[PDB]
Structures are given as C-alpha cells and as structure tokens.
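First, one chain by itself: the form deposited without FC-ncpc, in structure tokens.
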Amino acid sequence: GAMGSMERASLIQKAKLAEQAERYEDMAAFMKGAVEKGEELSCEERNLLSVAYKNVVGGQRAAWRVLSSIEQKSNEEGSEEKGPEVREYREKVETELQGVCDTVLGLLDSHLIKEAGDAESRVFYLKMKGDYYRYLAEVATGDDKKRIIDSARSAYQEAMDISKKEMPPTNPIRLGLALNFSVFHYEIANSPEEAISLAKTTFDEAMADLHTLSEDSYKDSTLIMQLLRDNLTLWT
C-alpha cells in the first residue's frame, strides 16, 4: 500500500484537491488509500470514492469504444490488413479497465459492503458493485459474460430490494440505482421492456412523492428524474 504512511484525513483532503485539479487517477488512489485504513466511510467520503473511479473508468470505457470500433472496421469486407496492432492496443486498454474494475470490486468486498449496515451506505455500495460488474460485462465475451452479467444483476437486485423497503421513492440514491439498473437492462441484458418499465415506474412513483420535499431536495430528485425521462425518450 503506497498510501499506508499517510493519515486518513490527509488522504481525504488530497482527494478533494485532486478533484479540483481534475486529477482523477490521483483522486482514486487517495480514496483507495483512505478505504484501506479500515474505517467506514461517511456520505461525503463515499461520494468522493464514486466520483474518482467513475471518472477513471469513464475515460477507459471511452477509449476502449474508440479502439473497438476501429478494430471492427479493420475486420470487415474490403479492409486491407494492418496486422495485430489495433487488437493488441485495444487489449491493453481493456486489461487496464478490467484492473480498475477489479480494484473497486475488491474494495467493496474487503470490506466496505459487509460493514455497511445503514440503508444509505449499503444501497450505495451494492449499486457500485452492480456498476463495476456492468463495466466488466461491456468488454466480456462468451460464457464469461454470462456469469459477469448475473453478478451485476444480483448486486443491483439486492440494492433495489433494500431501497424499496428503506428509502422514499424520491431518495436520490434510490433514483440513481433505478436509473443504472434500467441501463443495465437495456444495454447489457437485452431486456429493453424491463428497462422501460423500471424507468417509468420509478419516475411515476417519485413524481407522486415530490410534494413531501423541500426546495433543495426537490431539485436533487427532479435532476435524476430528468435523466430517467431522457432515457425513456431515447428508448420509446
């Protein structure tokens, strides 16, 4: 552990500085170090962890998509062969992406999830587990892919079950979970009808609970409701 000699609070402070500097690889390493101190994470600290790795893996996913599309064009009728380079480099990026996902999943399994007893922390971590298996699924091929997809589905489902019992329908954690599980259904599981039904039921049940919220909470919830509606517009 390269961050083993740095104070937990210093790691959190530096993660925040790295976010400001848009240094997301540094931010992720600092938050990994904070997690490995072994104490539970606060709401703010959980969000820092999520922001850091979402940005890192997002860059890798974008690059992998560019490279995979070049690779697929290179393996089409009428292409003159270029040799192994495109495949090799896509494999390099893919391997780096898988390693980031494995790192996050390792943090959740050792030992964030098992110590998370409150609904807000447990749903948050289980949503993350679903997300990073979903990113693994995006680059997986074969039976391989089926066990990874089922791991994503299981994590999302446990998170959904808890959120429906323990959180109101406008809770932003609950809404963001349903948003991402709906994307899983549409993009990974080949279940567009399940995706649309989940996004619609989630939107409608939040709409009916908005009257209970303050102005600030209303803004938080309607923001994510708009993302659900954007997807339904794209999907229907």
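Under this definition, the rigid core comprises the largest set of C-alpha atoms superposing within 1.5 Å between the forms. Numbers for residues come from their place in the sequence shown, where the first is 1.
Relative to the displayed structure, the C-alphas of 206-214 lie farther away on average in 8 other deposited structures of this protein than those of the other candidate, with 40-48 and 206-214 compared after rigid core superposition.
With every structure aligned by its rigid core, 218-226 is the stretch of 218-226 and 17-25 whose CA positions lie farther away in 8 other deposited structures of this protein.
Figure legend: residue 110 is marked as modelled in all of the other comparable entries of the protein, none of which omit it, let alone a third. Per the records, residue 74 is modelled in every other compared entry, just as the shown structure includes it, so no third of them leave it out. Per the PDB record, of the two stretches 32-40 and 185-193, 185-193 carries the greater mean B-factor over its C-alpha atoms. The mean Cα B-factor in the deposited entry runs higher for 165-173 than for the other of 52-60 and 165-173.
Within the selection 78, 99, 130, 106, the deposited Cα B-factor values reach their highest point at 78.
The entry lists C-alpha B-factors for 68, 180, 47, 201, and the highest of these is at 68.
Per-chain ranking of the deposited C-alpha B factor places residue 225 in the middle third. When the CA B factors of the chain's modelled residues are split into thirds, the value for residue 114 lands in the middle one. Among all modelled residues in this chain, the alpha-carbon of residue 150 has a temperature factor (C-alpha) in the highest third.
When the CA B factors of the chain's modelled residues are split into thirds, the value for residue 121 lands in the middle one. Ranked within its chain, residue 134 lands in the lowest third, by CA B factor from the PDB record.
What comes next is about the form solved in complex with FC-ncpc, which is not displayed.
No clash is found between FC-ncpc, overlaid from its position in the deposited bound form, and the backbone or C-beta atoms here, as no atom lies within 2.4 Å; the site counts as open. Remark: all three candidate residues (44, 47 and 172) come within 4.5 Å of FC-ncpc in the deposited bound form, counting heavy atoms only.
Under a 4.5 angstroms non-hydrogen atom cutoff, FC-ncpc in the deposited bound form has residue 51 among its neighbouring residues. Taking non-hydrogen atoms only, residue 128 approaches FC-ncpc to within 4.5 angstroms in the deposited bound form. Residues 219, 220, 223 are the ones in 205-223 with at least one heavy atom within 4.5 Å of FC-ncpc in the deposited bound form, listed in sequence order.
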